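Take a look at this one chain, the form deposited in one PDB entry, written out in structure tokens.
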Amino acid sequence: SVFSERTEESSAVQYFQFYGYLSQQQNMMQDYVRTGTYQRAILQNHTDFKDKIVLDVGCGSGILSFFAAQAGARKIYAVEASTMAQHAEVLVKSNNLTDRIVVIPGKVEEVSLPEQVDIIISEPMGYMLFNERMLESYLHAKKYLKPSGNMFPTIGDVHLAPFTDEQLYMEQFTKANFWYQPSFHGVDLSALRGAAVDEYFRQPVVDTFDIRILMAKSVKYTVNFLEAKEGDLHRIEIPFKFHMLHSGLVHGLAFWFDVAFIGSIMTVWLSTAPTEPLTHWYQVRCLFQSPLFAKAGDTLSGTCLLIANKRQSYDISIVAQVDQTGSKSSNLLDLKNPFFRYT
């Protein structure tokens, strides 16, 4: 199958076992912005669901299929690969919806559906949007979509901006300095100093922050889910050119994302920006090993490149330079092993 060709078994086992625990579903359901915004988007475009056929990709507990059932859908196929699939069936029966919601256990790349559908629904966004590589499963499912069908969400916007933060940078540098010692219980550790700094700085930082640390207006990269192909996501290249609004030290780049549900009656937006109320995705920051000095009015140009790997994530390469001086920085991050700093 297409899924098994691109994924380590070892990663997949752990991945689907993780989502088999009820406590993680509980943790996800309790993010009110998320759950409420999805329900808003589905119910306010009810004519896109009334008497239609629906596909839910990766239903988990089943909550989204229930929303589609509320809006008047005629038939819903709910696909799920973890053991949570057995808990979903229990809720379908105790809620008297056996005539409308059909649970199909397995991977969407591997199951057979009985008919083509009018519309697809899913929640496939990870950290920085792309983590976990589930977006590829979402696009694959378009093999079941009619020529005039729709997708919910319809498009995704990724946002990038430069930031300054001394305190975070010193905190990570302090940890690395352990390996600088010439006599730990009589043993010299210093030969490993270089290896330790590299390891710590490859960890992306997950938390939130005050918007006043941003040093320029953000740049946007848009993916249209109606038009895009699966193959498009194996190599993602994002160019940027910033016009600096403030002078100072740039310690790295900050990331977040928006998605849009474009229905027949209206468009509804879900956002994880630092100007909006907090969600379980927070925001994401990538540090430079050495900061760049820039003055107001200068331009900061470069590229962010994402290449998918077999542990269901991405290798990230970031290169940036201040155009007026030639000061240049490069860095590598492993999205697989983040540092959770919050509270």
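Start at 1 and count along the sequence shown; that's the residue number. Basically, rigid core = biggest C-alpha set you can superpose within 1.5 Å across the two forms.
We do not show the form deposited in another entry, though everything after this point is about it.
For the set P274, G60, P291, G302, which residue undergoes a C-alpha shift of 2 Å or more between the shown form and the other one, given alignment on the rigid core?
It is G60.
Taking the rigid core as the reference frame, tell me whether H185 has a CA displacement of 2 angstroms or more between the shown form and the other one.
Passes the 2 Å threshold, so yes.
What direction does the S61-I101 Cα distance move in the other form compared with the shown chain, closer or farther, given a change of 3 Å or more?
Farther, not closer.
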